[PDB]
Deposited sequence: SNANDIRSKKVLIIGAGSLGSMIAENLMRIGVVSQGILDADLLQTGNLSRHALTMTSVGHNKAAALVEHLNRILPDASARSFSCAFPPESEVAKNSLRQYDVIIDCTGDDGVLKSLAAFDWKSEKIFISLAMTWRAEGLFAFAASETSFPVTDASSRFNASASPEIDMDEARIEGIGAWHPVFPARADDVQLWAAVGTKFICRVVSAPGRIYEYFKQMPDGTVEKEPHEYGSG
C-alpha cells in the first residue's frame, strides 16, 4: 500500500483545464487527500475545457475546484492554496512539504524552475504533465528525488517539441495522464513518455530510454 496512490497526499499545482480534470479523476478513484494550488480566477473562456461550470466563474480556481472535489466522495479531503507557488509564509511552505506526490499541471517553465529551487526537505514523487497547444500530444514526466530535476525534464520536453483543443481532447489527456500518475506512484522512478492522439482518438506513445 506504499505504492497505492489512494494512500498518498497529492498536491496538484495548476487548477486549469488539465489539472482540474486530473484532480476530479483522482478523487473519484479514491485519492481523497489532495491539495490544489492556483492563484488565478476561473474565467468564462475556460469552461469549454474545464471540470467546473458557470457557478465557479469569477472565483479562485483552487478554492472552487476544492469545493467541487469535496462533494464527489464522502471521505474527500481536498484543501485549497490560493497563493502562487512558492508561498511566502513558512507555514504555507511547511503545509506543501507534507504532500507526497507533487503534480505540475501548469505548462509553465517558471514553475519547473520554482519546483527545483524549492526546498522540499525530503524525497518526493514529482510529475509534470502538459499538452501541446492544439492538444495533439501530451508530455508526461516523472521523477523520485529530493529536488526536482528541471534540467532533465526540460531536455525531454525540448526533444519532443490539428484544431483548437476541445473538452474531449483534454479529457482524453486527463485520462491518459491519470493512468500515468497511477503507474508512476506504483513503480516510482525516472520516467518520460510522450503521447500523440490520432483523429479517431487512438493514442500512440514514445517513451524515453534512460
Missing segments of the deposited chain sequence, listed N- to C-terminal: 1, 163 to 181, 231 to 233
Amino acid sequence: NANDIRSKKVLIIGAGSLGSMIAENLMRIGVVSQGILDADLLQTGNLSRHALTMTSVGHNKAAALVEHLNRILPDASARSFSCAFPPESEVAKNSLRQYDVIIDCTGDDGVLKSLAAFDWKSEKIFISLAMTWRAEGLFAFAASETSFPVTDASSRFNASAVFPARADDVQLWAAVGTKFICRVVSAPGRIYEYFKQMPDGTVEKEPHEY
From here on, numbers count along this sequence of modelled residues.
Segment of higher mean CA temperature factor, 163 to 171 or 177 to 185: 163 to 171
Which of 20 to 28 and 191 to 199 has higher mean CA B factor, as the PDB entry lists it: 191 to 199
Third of the chain's Cα B-factor distribution that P86 belongs to, per the entry: highest
Chain-relative CA temperature factor third for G107: middle
CA B-factor placement of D75, once the chain's modelled residues are sorted into thirds: lowest
Cα B factor band for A62 (lowest, middle or highest third within the chain): lowest
CA B-factor placement of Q43, once the chain's modelled residues are sorted into thirds: middle
